[PDB]
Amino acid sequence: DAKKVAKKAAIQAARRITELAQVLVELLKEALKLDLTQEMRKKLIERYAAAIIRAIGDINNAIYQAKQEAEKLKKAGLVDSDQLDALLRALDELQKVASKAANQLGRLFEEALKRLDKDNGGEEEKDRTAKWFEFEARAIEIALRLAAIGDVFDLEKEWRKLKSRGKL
């Protein structure tokens, strides 16, 4: 089957976003148990930006790697032009929902940095910021997981509509 190309890309996009959420959580918790200077805060900022760049770069790589396997399948005669254009469009929809999740986690970490600066002070608000971020980051990740499963479900139905066309 050629929808394994889309399924693989769907799992990889969800893993990269899940790993990004986990990296941002541990960076916040490391900065919360720590006593921060201006230099430590800037090292944390560089590590947050690297996590975002890594996630975006790895999502981009997986989508382009998925498109190479699809083009491979067209030249191998294992898919026709209409099936390949449905596979490429499903990979484009995965790219967009995965990009939105990365943008939302970067915007989410920004709000977390504002709490580590302003409200921080007292172990109790420390722990509520930690669980606030943990909750909102997982919400972003599961919304991507569900949108990615929906994009494959959309591809499998457009595959059954192309077979239902016959040769008309």
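Numbers for residues come from their place in the sequence shown, where the first is 1.
Between 110 to 118 and 136 to 144, the higher mean Cα B-factor belongs to 110 to 118. When the C-alpha B-factors of 47 to 55 and 125 to 133 are averaged, 125 to 133 comes out higher. Among the modelled residues of its chain, residue 90 has a C-alpha B-factor that falls in the lowest third according to the deposited record. Residue 19: CA B factor in the lowest third of modelled residues in this chain (values from the PDB entry). Among all modelled residues in its chain, residue 100 ranks in the lowest third by Cα B-factor. Ranked by Cα temperature factor within the chain, residue 28 sits in the highest third according to the deposited record.
In the deposited entry, the Cα temperature factor of residue 40 sits in the middle third of values across the chain's modelled residues.
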